[PDB]
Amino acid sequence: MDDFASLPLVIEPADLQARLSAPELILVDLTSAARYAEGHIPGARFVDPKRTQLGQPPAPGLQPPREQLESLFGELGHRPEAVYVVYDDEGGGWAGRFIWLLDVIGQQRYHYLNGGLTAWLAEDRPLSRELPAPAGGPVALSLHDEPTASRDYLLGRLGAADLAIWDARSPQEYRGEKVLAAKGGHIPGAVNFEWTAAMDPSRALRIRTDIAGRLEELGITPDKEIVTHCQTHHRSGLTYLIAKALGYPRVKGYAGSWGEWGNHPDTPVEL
């Protein structure tokens, strides 16, 4: 993985700053048009969060169609030597979702900027308002279903001993007090660890260092397949990325998410 090969998945602002000029770097920014324009990490290429999502009913959290994907990745300069570093400015939900897309397109080498722009800014690190030149036309892509749990797959696995479902929504959604679909509640057997509970606002929204014990407390252990979700697989972008970063060998994003589950005639719900 070139100048980035020696680092773990989650890296710190110092490791990135040292490597901003690496020719194999594809630095991806998933903040917002305004934030990117105000000042981004130098060489960063902007990917509007909406572009990571199908954004059509009945399950808008699914991955975008192949065409949008080919062009997006063609724009970014996707190529064999590439090593992606990903950040956002919300603690990692969009960054983590982009990383799940990287798994969806077979990319092996990437890293998450711990705390993203929030950390970068807290340390007064350099900002640029300049636009990199887009790479080229759309690249032809190979798409994988392994990183993703379909609705039927999850229905089939419910109640199993070797599965944990990590619902990343707020506890009020999980308990069906706050209802954003025809059905409120959670997926039977799921446990709850809100995406924001994994961040440490005292360290510029980095992943809390005691994260493994907290996940272990809930039975979210690496000897099990982890299937994570929220409402649209945004918030669960961060929890997918965390399971990966901790080295869980079996991790999937349920991309349909509650947007699908809470609206589908076939799905059991539990309160």
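Sequential numbering from 1, following the sequence displayed.
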Checklist outcome for this item: The stretch whose C-alpha atoms carry the larger average B-factor in the entry, 215-223 or 54-62, is 54-62
Checklist entry - Is the mean CA B factor in the deposited entry higher across 132-140 or across 145-153? => result 132-140
Checklist outcome for this item: From the entry's CA B-factor values, the highest among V83, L127, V86, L158 is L158
Checklist entry - Which one, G184, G96, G115, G77, has the peak C-alpha temperature factor per the PDB entry? => result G184
Item to check | Third assignment of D167 from its chain's C-alpha B-factors | outcome: lowest
Checklist outcome for this item: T209: C-alpha B-factor third of its chain, per the entry, is the highest
Item to check | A190 by Cα B-factor - lowest, middle or highest third of the modelled chain | outcome: lowest
Item to check | CA B-factor ranking of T232, expressed as a third of its chain | outcome: highest
Checklist entry - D48's Cα B-factor: lowest, middle or highest third of the chain? => result middle
